[PDB]
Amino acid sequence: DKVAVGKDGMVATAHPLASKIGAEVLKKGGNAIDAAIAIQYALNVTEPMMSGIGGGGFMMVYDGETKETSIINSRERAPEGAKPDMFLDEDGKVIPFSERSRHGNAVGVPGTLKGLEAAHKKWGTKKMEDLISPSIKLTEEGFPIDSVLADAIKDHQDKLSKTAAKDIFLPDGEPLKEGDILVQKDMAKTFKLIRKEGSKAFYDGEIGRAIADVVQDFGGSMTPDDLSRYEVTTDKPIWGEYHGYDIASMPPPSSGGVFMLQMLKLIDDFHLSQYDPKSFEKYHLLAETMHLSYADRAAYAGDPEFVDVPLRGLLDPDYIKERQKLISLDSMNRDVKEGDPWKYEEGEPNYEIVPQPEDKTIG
């Protein structure tokens, strides 16, 4: 079921066998964070191509109670061995996305596990074992794969062959079809181990070292030192108001918050709801607006510990006005360039504008 209503809780997840599990947490009196944690493990098992403890995330929570809003930033970090031009070949040319995509250098230190643990105790009021067990059952005893997972495996036959994954996702010759049962005994092993010795099995354990092995085996420079150094952060949201509402979204090192808000700010003054939703007018104004914001992102997005991002300027009322000049019903803007938000924020860039190519997270 795709829609639903609740009084004492609610949960909506990418996979029905994740949902479903979060709901059980709430039914037992556990809170949203408890449930969120449970869901992430469940998704890791049931939607393994999408999210995982071998990756990162941003967890936005609104507190109780405290009534403040915060964000567990568990995005991966590059190992100390990584290099600014590690993605160029020996001729100084960018290495094809398909190739970069799989290389050891691509793998950043996974942060999700520490982030779940951070959230748990900041908020969590259950575990340190209950929330991971149901995912261990699905890993150990398996489950039938849905359309989307089936099609991931088919669309990525060639990547999946190259790796240890082929034994279990490409069992004999071919890739599991909808309904086939996916069992991840080794993943269950790891999850049981996470339950017992906590996170440190990961960042100070055999798994951490295991990962360091493979990243190097595939050309990467990850050491267990890198893992042991890794730290999640907490971020306070980027805010903004629109149609009389306060929106809390992601700050750098995500591009999401700023430019989604900027997109709204730009589009607001046009009052699109005059136009039919599926009208030329609309799509064009949306399109033109996207072009501007995405151009700004290409020049000025990045981890603020390392760079200065003009958050004030990018969302300035006067910047919006300047840029809305570009957006008309009477033409498509051909000169798609970044704006100068520095004219509105004290400071200047500690970086240049490098034009870039094509990143196959597409077809």
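Sequential numbering from 1, following the sequence displayed.
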* **Entry-level comparison of average CA B-factors, 59-67 and 295-303, reporting the higher stretch** => 59-67
* Higher-scoring stretch by recorded Cα B factor average, 89-97 or 264-272 -> 89-97
* Asked: Out of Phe280, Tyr230, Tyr245, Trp239, which one has a C-alpha B factor higher than all the others in the entry?
  -> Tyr230
* To do: Tell me, please, which of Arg77, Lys154, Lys196, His284 has the highest C-alpha B factor according to the deposited entry?
  => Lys196
* **Position of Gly257 among the chain's modelled residues by C-alpha B-factor, lowest, middle or highest third** => lowest
* Record-listed C-alpha B factor of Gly111: chain third -> middle
* Should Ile136 be placed in the lowest, middle or highest third of its chain by the C-alpha B factor in the entry? -> middle
* To do: Taking the chain's C-alpha temperature factors as the reference, tell me which third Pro224 falls into: lowest, middle or highest.
  => highest
* Asked: Relative to the other modelled residues in the chain, which third contains the C-alpha temperature factor of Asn105: lowest, middle or highest?
  -> middle
